[PDB]
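> I would like the atomic coordinates for the input below:
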Amino acid sequence: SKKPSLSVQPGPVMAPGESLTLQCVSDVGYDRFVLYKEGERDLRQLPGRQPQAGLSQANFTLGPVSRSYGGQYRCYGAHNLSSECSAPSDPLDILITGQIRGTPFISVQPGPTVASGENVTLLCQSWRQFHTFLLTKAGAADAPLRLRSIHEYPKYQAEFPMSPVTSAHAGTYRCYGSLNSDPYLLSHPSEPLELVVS
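Numbers count the residues shown, from 1 in each chain. Here you go, the structure:
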């Protein structure tokens, strides 16, 4: 009866028009899976398939994406005869970009070239008010990091510390802003910032 797992390809941060697949996997042979969104009435139901050995799954593909697709998703398994359903998966946040005003800026301290083992803060800043900032890393995208924005006049900002950096931290970062009206709706992205290590 154990809870299945939920994942996204290509990632959780989505621009309108894009499409994505939410995959729900369990090691219990559930006959069907049900995808649901926190606080929404509508359900999605897909039959189980066994492409991987000792594993049951379903691929929920969400068609051309919009603002209304933003939110918190969970999945659960069910059996055919049986009237019991599984424990729900851990929640998966789907974020929609370009939905609110403002464009944040990203920067590195002390810099983009970076010796392994160093302290590195990455901060997203904004002129306009944002309640939260999001740090994403170019796909594979499985984050993303969220932080409450701190108002330090005349800017809003958030520090994403990566003290002890490793070669793994290296990559291309973007930075997003969000408001409490809907934390699943993001601003347009900042310019990318490529982090390199050596």
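
> Relative to residue 178, how far out is the residue nearest the centre of the chain?
With distances taken as CA atoms, centre = their mean, the residue of the chain nearest its centroid is residue 12 (3.6 Å). Using CB to CB, to the nearest Å, one gets 13 Å for the distance from residue 12 to residue 178. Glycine gets a C-beta too; all of them are placed from N, C-alpha and C.

> Mutual contacts of those two, please.
Counting by CB atoms under 8 Å, 6 or more residues apart in numbering, the contacts common to residue 12 and residue 178 are residue 95.

> the domain parsing of the protein - what is it?
Listed by curated CATH domains, the domain ranges of the chain are 1-97, 98-198.

> Give me the contact list for stretch 30-44.
4, 22, 24, 45-48, 56-58, 60, 71-80, 85-86, 88, 91.

> so what's the residue nearest to the centre of the chain up against?
Going by CB under 8 Å, 6+ apart, residue 12 touches 92, 93, 94, 95, 141, 142, 143, 144.

> Which phi and psi values does it adopt?
phi -90, psi -20 (degrees, to the nearest 10).

> From the centre of this protein, point out the most distant residue.
The chain, CA atoms, centre = their mean, max distance from centroid: residue 81 (34.9 Å).

> Return the distance of residue 83 relative to residue 44.
Residue 83 is 20 Å from residue 44, by CB to CB.

> Those two - which one has more neighbours?
residue 44 (16 against 6; other CB atoms under 10 Å).

> need the contacts of residue 12 in CSV with neighbour count, secondary structure and distance to residue 126, can you?
CSV is the format used below for the contacts of residue 12 (neighbours: other CB atoms under 10 Å; DSSP: H, G, I helix; E, B strand; the rest coil; distance: CB to CB, whole Å):
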residue, neighbour count, secondary structure, distance to residue 126
92, 20, strand, 26
93, 18, strand, 21
94, 20, strand, 23
95, 24, strand, 17
141, 16, coil, 21
142, 12, coil, 25
143, 15, coil, 19
144, 19, coil, 16
